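Novice: I'd like to ask some things about the structure below.
Just so it is clear, none of the values below were taken in a lab; they were calculated from the coordinates. Every residue, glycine as well, gets a Cβ built from its backbone with ideal geometry; the counts of neighbours run over all protein chains shown.
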There are 6 protein chains.
Amino acid sequence: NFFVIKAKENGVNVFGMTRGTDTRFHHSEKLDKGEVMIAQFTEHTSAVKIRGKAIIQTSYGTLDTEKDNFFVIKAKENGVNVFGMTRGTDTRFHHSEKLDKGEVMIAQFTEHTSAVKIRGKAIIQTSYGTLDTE
Amino acid sequence: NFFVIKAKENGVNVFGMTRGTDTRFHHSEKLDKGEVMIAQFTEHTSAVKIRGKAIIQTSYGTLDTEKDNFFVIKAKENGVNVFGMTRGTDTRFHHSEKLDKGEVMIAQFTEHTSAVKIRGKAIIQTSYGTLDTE
Amino acid sequence: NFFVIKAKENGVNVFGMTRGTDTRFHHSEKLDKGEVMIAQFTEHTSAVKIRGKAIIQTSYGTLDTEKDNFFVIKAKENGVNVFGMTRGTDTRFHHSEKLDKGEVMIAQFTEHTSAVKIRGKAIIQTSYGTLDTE
Amino acid sequence: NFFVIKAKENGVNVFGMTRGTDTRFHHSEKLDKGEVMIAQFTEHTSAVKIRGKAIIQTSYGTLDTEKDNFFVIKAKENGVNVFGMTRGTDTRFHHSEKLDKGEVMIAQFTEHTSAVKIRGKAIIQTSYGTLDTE
Amino acid sequence: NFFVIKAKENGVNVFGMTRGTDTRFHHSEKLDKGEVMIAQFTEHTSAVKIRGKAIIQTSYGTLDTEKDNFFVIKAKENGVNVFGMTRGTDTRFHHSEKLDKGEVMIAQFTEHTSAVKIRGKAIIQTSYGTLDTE
Amino acid sequence: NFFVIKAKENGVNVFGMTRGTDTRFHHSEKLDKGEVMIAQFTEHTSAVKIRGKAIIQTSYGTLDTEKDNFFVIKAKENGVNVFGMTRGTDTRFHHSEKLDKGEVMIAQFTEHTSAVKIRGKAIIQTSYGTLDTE
Ligand SMILES: N[C@@H](Cc1c[nH]c2ccccc12)C(=O)O
Ligand SMILES: N[C@@H](Cc1c[nH]c2ccccc12)C(=O)O
Ligand SMILES: N[C@@H](Cc1c[nH]c2ccccc12)C(=O)O
Ligand SMILES: N[C@@H](Cc1c[nH]c2ccccc12)C(=O)O
Ligand SMILES: N[C@@H](Cc1c[nH]c2ccccc12)C(=O)O
Ligand SMILES: N[C@@H](Cc1c[nH]c2ccccc12)C(=O)O
Ligand SMILES: N[C@@H](Cc1c[nH]c2ccccc12)C(=O)O
Ligand SMILES: N[C@@H](Cc1c[nH]c2ccccc12)C(=O)O
Ligand SMILES: N[C@@H](Cc1c[nH]c2ccccc12)C(=O)O
Ligand SMILES: N[C@@H](Cc1c[nH]c2ccccc12)C(=O)O
Ligand SMILES: N[C@@H](Cc1c[nH]c2ccccc12)C(=O)O
Ligand SMILES: N[C@@H](Cc1c[nH]c2ccccc12)C(=O)O
């Protein structure tokens, strides 16, 4: 699995996330207008966070952040939260990522994640189709 | 395999079921209006139970509970029962789940289940197509 | 592989068949009007026999018994026989199942079966298409 | 891989062929009008010979003998021969099967066969399409 | 992978090529008008050479020599050469096959071949599409 | 995976790139007008560089350099750079390839590459679709 990022403006930032028990931020790369980034989901990276006006293009389709197994989340309005639920005998929220308007999160189901919870006004995409919370 | 749950109202409840010889209830998660839950079928979870007005979306299609290998069951009217039949030399009902109107059950065929029996007025979906008991 | 059975009347009976050298009957389950049965082909079960007015639905399509690798046989008229031919150096009929009108038999090719013989007026379905003896 | 045989007349005969170095005839089964035979290609059987008015139905399509990796040969006129060429360092004809008008031969590529030669007026079918010698 | 050869004239010749470090000619078979040859690519044979008026039919499509991973080469005019480039740390031409008008070469990428070079007026076919040098 | 190169002019040059920690140039082959080159991505070669008027044809489609998992880059204007980002715990640019106008680079994601960065005016193609930086 892999995705594409194109920047419609300067300052677009792409964050990496660590795979495993610990969910922390992997140092980021900056994209200027016209620059393109193509990346895969690897052993060390299982999720990413995209901030700024950008074109995100994946196997499911194309997304425009400026306009109003793995899955995609887009924030229609500040206050969106994504919870990761632990795989195994116990179910608990081991990570809570906050998404601001225009931010996009791409994540996979991992050894430590088998379920997630999304809150607030957001756009969600999946292999089967797209879903709107509002 | 994975599914999607969206809540059209507050109080929507999603139950997990234990995989193995014992069929009991796995502690549940609550969803408010606009919240979304994406989950997989795992080693410890092989079936789920959904209660309340919700949009259930799977590989086979989309279901609306409010309106009138794995499979889906929806209850058109109280009194629906789902029996699990034991895999192996002997065939017996090792579990009997009751479904009320609007409740949806998503289950897989497991090491301990190779056949099920559905009773009453219900809507059933499968990879091959949809089926109505009435 | 799995199939679906729905009953259009009371008294519908579904028989299981033992996989292996011995071909005998596995104790049956009864279905009333509106009841649905979903079952797989397993290590111990490799064929089934369906009797009564029912809707049989499989990967190949849907069958109605009331109207006039694995395969399906339906009897248009009493006197239909299905012979199982032994896999290996020798070819002999190790089992002879009789089908009455409206009865449906679903069977797979197994370690002990690599060829079958059908006699009389019957309807046959396969992955490639449907066939009528008459 | 498997095929279907239906008889449009009495006396239809189906021959089996031995897989391995030796290519000889496996004792045959007889089909009367309306009888159907469904068989697979197995360790001991890798080719068959069909004689008489019959409907031969395979993954590639349906054939009518009466009218004017594996492959199919039909004889439009007596004198058709099928040669089997040895797999390995040497290429020689280790078997020569003669086909009369209306006879159909279904064969696979085996450990001992990697090429065949067809002579005379015949109809040939393959996964990619059909071919006529005349 | 396998191909089909049909002869539109007498004297059609099919050559085999040895797989491995050494690229030499494998003794040939002759085809008369109406004769058909079906062959596979094997451990010992990885390429073939076809000479004369013939119908060559493959997974990609059908070719007519008389008219004006694996690949196909056809010569529109004498002087066509096909070079085989060595797989590994070094790149060198270990074989140079000459093709006359109407001759067709079918070859695979092997342990010793990972790249080829074609010169002159020729027609080339591949899984993705057809290509003309002129 | 494999690609096709055809030359619309003399002097077209194709460069190979070494797979592994070290990213250096593999000695090149020259193509004259009408010549065709078909090559695979191998253990020792994971990327190529194409210079001159040529037709590049791949699984995704056909490209014309003269006109204005693996991916393709084309330069609309001098100054295009492609950075390779290291797979593993650390992210750094271990190689920076410069592309002039009309030059085309075809590269795969390898054990040492899991992400790339493209700068300037360029055309990018991927399995999912095409992308333009301008
Ligand atoms: N470390 C987590 C990262 C992760 C995966 N999916 C997520 C969903 C939400 C938040 C974090 C995650 C994991 O590999 O499982
Ligand atoms: N720990 C649970 C998480 C889970 C999976 N599916 C669920 C459905 C509902 C609630 C929790 C879950 C498991 O891996 O099985
Ligand atoms: N513990 C059971 C759960 C189950 C699977 N399918 C079912 C159908 C009905 C009721 C329970 C189940 C199992 O893993 O087999
Ligand atoms: N114990 C049986 C259950 C079963 C499978 N298929 C059936 C069909 C009908 C009745 C029972 C069954 C088995 O695993 O084989
Ligand atoms: N015991 C038999 C059952 C069977 C399979 N296919 C059949 C066809 C006809 C009659 C019986 C069978 C077997 O496993 O091989
Ligand atoms: N015992 C034979 C059965 C068989 C296979 N294909 C056939 C075709 C015709 C008659 C018998 C057969 C075998 O396994 O090879
Ligand atoms: N014994 C031969 C049978 C055979 C296969 N393909 C054939 C084609 C023609 C004649 C015989 C055959 C084999 O297994 O190889
Ligand atoms: N003995 C040869 C047979 C063969 C394969 N492909 C061919 C093409 C032409 C002639 C003979 C052959 C081999 O296995 O390689
Ligand atoms: N002996 C060579 C034969 C070959 C394969 N592809 C070719 C292309 C051109 C010429 C010869 C070949 C090999 O197996 O690799
Ligand atoms: N020896 C080289 C051959 C090669 C592959 N791809 C190429 C592209 C261009 C030139 C040569 C090559 C290799 O196996 O890697
Ligand atoms: N040696 C590098 C070559 C490479 C792959 N992808 C690239 C992208 C850009 C530049 C170089 C590369 C590798 O195998 O990983
Ligand atoms: N070293 C990182 C590279 C990487 C993968 N995906 C990314 C997304 C953004 C930034 C860097 C990355 C890894 O293999 O996981």
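Novice: Could you work out the local net charge near residue A:17, counting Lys and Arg as +1, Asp and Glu as -1, over the other residues with Cβ closer than 9 Å to its Cβ?
Specialist: So the surrounding residues net to +2.
Novice: Give the nm distances, rounded to one decimal, from residue E:58 to the matching residue in every other copy, measuring between label points 7 Å along Cα toward the beta carbon; shortest first.
Specialist: Distances to the matching label points in the other copies: 2.3, 2.3, 3.9, 3.9, 4.5 nm.
Novice: Sort shortest first the distances from residue A:77 to its counterpart in every other copy, using label points 7 Å along the Cα-to-beta-carbon line, and give them in nm.
Specialist: Ordered by increasing distance: 4.1, 4.1, 7.1, 7.2, 8.3 nm.
Novice: Restricting everything to alpha-carbon atoms, can you work out Rg to Rh for the stretch F:52-134 with a Kirkwood hydrodynamic radius?
Specialist: Working: Rg = 12.9 Å, Rh = 13.3 Å.
Looking at the stretch F:52-134, the ratio lands at 0.97.
Novice: Follow-up. Just rank F:56, F:106, fewest to most, by other beta-carbon atoms within 10 angstrom.
Specialist: F:56, F:106
Novice: Another question, if that's okay. I need the Debye-formula profile for the stretch C:1-121: one equal scatterer per C-alpha, no solvent, reported as log10 I(q)/I(0) at q = 0.12, 0.13 1/Å, two decimals.
Specialist: For the requested q values the scattering log ratios are -0.42, -0.49.
Novice: Still on this structure, I have one more. Rounding to the nearest 20 debye, state how big the charge dipole of chain D is about its Cα centre with +1 on each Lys and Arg Cβ and -1 on each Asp and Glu Cβ. Could you put the intermediate results ahead of the total?
Specialist: On the way: 19 positive and 17 negative charges, 33 e Å.
About 160 debye.
Novice: About the Cα centre of the protein assembly as shown, how large is the charge dipole given +1 on each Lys and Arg Cβ and -1 on each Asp and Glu Cβ? Please answer in debye to the nearest 20. Mind showing how you got there, number by number?
Specialist: Numbers: 114 positive and 102 negative charges, 32 e Å.
Dipole of the protein assembly as shown, to the nearest 20 debye: 160 debye.
Novice: Additional query: Mind checking E:116-129 for the average number of partner chain beta-carbons within 10 Å of each residue's beta-carbon?
Specialist: 4
Novice: Still on this structure: Each residue of the stretch B:5-13 in order: what ³J(HN,Hα) in whole Hz does its phi give by Karplus 6.51 cos²θ - 1.76 cosθ + 1.60, θ = phi - 60°, with x for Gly and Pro?
Specialist: Listing the rounded values in order: 10, 10, 9, 8, 7, 7, x, 4, 10 Hz.
Novice: In addition: Other chains near A:79-88: what is the mean number of their Cβ atoms within 10 Å of each residue's Cβ?
Specialist: Numbers: counts 0, 0, 1, 2, 3, 0, 4, 0, 5, 4.
Neighbouring Cβ atoms belonging to other protein chains average 2 per residue here.
Novice: Based on the alpha-carbon gyration tensor of the protein assembly as shown, what equivalent-ellipsoid semi-axes (square roots of 5 times the eigenvalues) come out, in whole Å, largest first?
Specialist: Working: eigenvalues 469, 468, 76 Å².
Semi-axis lengths for the protein assembly as shown are 48, 48, 19 Å.
Novice: Between residue E:134 and the same site in the other copies, what are the distances in nm, shortest first, taking label points 7 Å from Cα along the C-beta direction?
Specialist: Between copies, matching label points for residue E:134 lie 3.6, 3.6, 6.3, 6.3, 7.3 nm apart.
Novice: Can you list residues from other chains, or at least 5 along the same chain, whose modelled amide H is less than 5 Å from the amide H of residue C:7?
Specialist: C:34, C:35, C:55
Novice: Tell me, what ³J(HN,Hα) does each residue in the stretch A:92-99 have, in order and in whole Hz, if you take phi through Karplus 6.51 cos²θ - 1.76 cosθ + 1.60 with θ = phi - 60° and put x for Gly and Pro?
Specialist: Working through the residues one at a time gives 8, 8, 8, 7, 9, 9, 9, 10 Hz.
Novice: Now, a different point. Count charges around residue D:106 for me, please; just the other residues with Cβ under 14 Å from its Cβ, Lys/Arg as +1, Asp/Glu as -1.
Specialist: Value of the local net charge: +2.
Novice: Dipole of the stretch B:1-47 (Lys/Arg Cβ +1, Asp/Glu Cβ -1, origin at the Cα centre): which of B:31, B:7, B:20 lies farthest to the positive side?
Specialist: B:7
Novice: Alpha carbon centre of the stretch A:42-118 versus the stretch F:113-133: separation in Å?
Specialist: 23
Novice: Around residue D:8, under 9 Å between beta carbons, what's the net of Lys plus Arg minus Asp minus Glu among the other residues?
Specialist: Here the count lands on 0.
Novice: Sorted by packing (mean other beta-carbon atoms within 10 Å per residue), highest first, where do D:94-105, C:91-102 land?
Specialist: Numbers: D:94-105: 17.7, C:91-102: 15.4.
So the peptides D:94-105, C:91-102, ranked by packing, come out D:94-105, C:91-102.
Novice: For peptide B:90-101, what's the mean number of Cβ atoms from other chains within 10 Å of each residue's Cβ?
Specialist: If you average over the peptide's residues, the count of other-chain Cβ atoms is 1.
Novice: Using a Förster radius of 60 Å, what is the FRET efficiency between residue B:92 and residue A:28 based on their Cβ-Cβ separation? Nearest 0.05, please.
Specialist: Once the sixth-power term is evaluated, E becomes 0.55.
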